[PDB]
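Single-structure report; data block below.
FYI, the numbering just counts along the sequence from 1. When reading the values below, keep in mind they use all heavy atoms of this one structure, side chains included, and skip hydrogens, waters and symmetry mates. Each ligand, and each atom within it, is numbered from 1 in the order the structure gives.
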Amino acid sequence: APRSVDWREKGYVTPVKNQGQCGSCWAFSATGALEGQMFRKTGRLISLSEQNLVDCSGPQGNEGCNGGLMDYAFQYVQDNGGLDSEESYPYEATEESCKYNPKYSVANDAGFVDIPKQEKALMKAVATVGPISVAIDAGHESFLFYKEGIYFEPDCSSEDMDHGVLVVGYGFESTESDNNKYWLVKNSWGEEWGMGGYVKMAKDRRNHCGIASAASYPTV
Ligand SMILES: *[C@@H](C(=O)O)[C@H](O)C(=O)N[C@@H](CC(C)C)C(=O)NCCCCNC(N)=[NH2+]
């Protein structure tokens, strides 16, 4: 595979969004991966509605601001036959009744693919598919205060993940410890967090923070 990948340079990735004080990370991760695969199919990048997922994907297993899973979001889009755009169904950071309108649907998918639980498999998927939905352990103060460099937290768990994000690429940079590889991750905490809203997560360090443990993308 390539040593470095960045799908933002190829037009696959919308700007960084902000989930607010709602536990809806799974919906931002899902819309990010589906935005990528829709662009791959149509050549058109359209920001998609996280609120649509928060309000409407309960029957697939999601629980709004109380949590969810990207795969359940992908199933909703397939079962529902569409997903509205961000502009038509804007984000309110609170769960309300479903207001989906098929006339304003701009995305579809036909299922999803779960990646095997190995960083080598995640790398191949990122290199060849596009941005990938992933789950990480983000419950540490060091993650809140991250400003730059490669994020490594010795107390991170590879099995207890609590936050959905989007891998948009990977790369390397020289460091003191010679642990130089990183996943390029888009978060949903606005652009004032981290590096304009992004984090470089340690790559090839024993599946750090579980980044390869629940990875998937939608089939368009
Ligand atoms: C994430 C956030 O808003 O920061 C939000 O709390 C969330 O959805 N968390 C998920 C974890 C994923 C990695 C996003 C969560 O804890 N809920 C998942 C419930 C699904 C139940 N089934 C299984 N298999 N866990």
Give a yes/no verdict on a cation-pi contact between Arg8 and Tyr198, requiring under 6.0 Å between NZ or CZ and the six-membered ring centre and an angle within 45° of the axis.
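So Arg8 does make the cation-pi contact.
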Taking the six-membered ring of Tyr182 as reference, does the NZ or CZ atom of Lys203 fall below 6.0 Å from its centre and within a 45° cone about the axis?
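Negative - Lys203 is either too far from the ring of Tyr182 or too far off its axis.
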Among all protein heavy atoms, pick the one closest to atom 13 (C) of ligand 1 and tell me residue, atom and distance.
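That would be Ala135 CB, 3.2 Å.
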Looking at atom 6 (O) of ligand 1, what's its closest protein heavy atom, distance included?
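Looking at atom 6 (O) of ligand 1, the protein heavy atom closest to it is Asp162 O, 3.9 Å.
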Nearest heavy-atom pair of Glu35 and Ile46: which atoms, and what distance?
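The answer is CG-O, 3.3 Å.
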For atom 8 (O) of ligand 1, is the nearest protein heavy atom closer than 4.0 Å?
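True for atom 8 (O) of ligand 1.
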Is at least one protein non-hydrogen atom found at under 4.0 angstrom from atom 3 (O) of ligand 1?
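True for atom 3 (O) of ligand 1.
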Can you name the atoms of ligand 1, numbered from 1 with element, that are less than 4.0 Å from a heavy atom of [X]?
X: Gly67; result: 7 (C), 8 (O)
X: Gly164; result: 14 (C)
X: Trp26; result: 8 (O)

If you measure from each non-hydrogen atom of [X] to ligand 1, which part falls under 4.0 Å: side chain, backbone, both or neither?
X: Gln19; value: side chain
X: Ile136; value: neither
X: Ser24; value: backbone

Under 3.5 Å between some N or O of ligand 1 and some N or O of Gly68?
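Looking only at distances, the answer is yes, because the N/O contact criterion of under 3.5 Å is met.
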Can you find an N/O atom of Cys25 closer than 3.5 Å to an N/O atom of ligand 1?
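Yes; at least one N/O pair falls below 3.5 Å.
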So, do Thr219 and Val113 sit near enough that their side-chain heavy atoms are less than 4.5 Å apart?
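Yes, at least one pair of side-chain atoms sits under 4.5 Å.
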Find out whether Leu166 and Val185 are in side-chain contact, i.e. whether some heavy atom of one side chain is under 4.5 Å from a heavy atom of the other.
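Of all side-chain heavy-atom pairs linking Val185 with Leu166, none is under 4.5 Å.
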Apply side-chain contact (heavy atoms from CB on, under 4.5 Å) to residues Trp7 and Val5 and explain how you reach the verdict.
CA-CA 7 Å; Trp7 289 108; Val5 170; 3.6 Å; yes
Quick one: do the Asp137 and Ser157 side chains pair a donor with an acceptor below 3.5 Å?
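Their side chains do not contain a donor-acceptor pair, so the 3.5 Å distance test is not met.
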Show your working on side-chain contact (heavy atoms from CB on, under 4.5 Å) between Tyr100 and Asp84 and close with a plain yes or no.
CA-CA 7 Å; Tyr100 172 75; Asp84 291 335; 3.5 Å; yes
Look at atom 21 (C) of ligand 1 and find which of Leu69, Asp137, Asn66 reaches it with the closest heavy atom.
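It is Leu69 whose heavy atom sits nearest to atom 21 (C) of ligand 1.
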The test is salt bridge (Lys or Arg N to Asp or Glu O under 4.0 Å); show your working for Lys181 and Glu173 and say whether it passes.
CA-CA 7 Å; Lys181 294 184 263 164; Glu173 62 194 40; over 6 Å; no
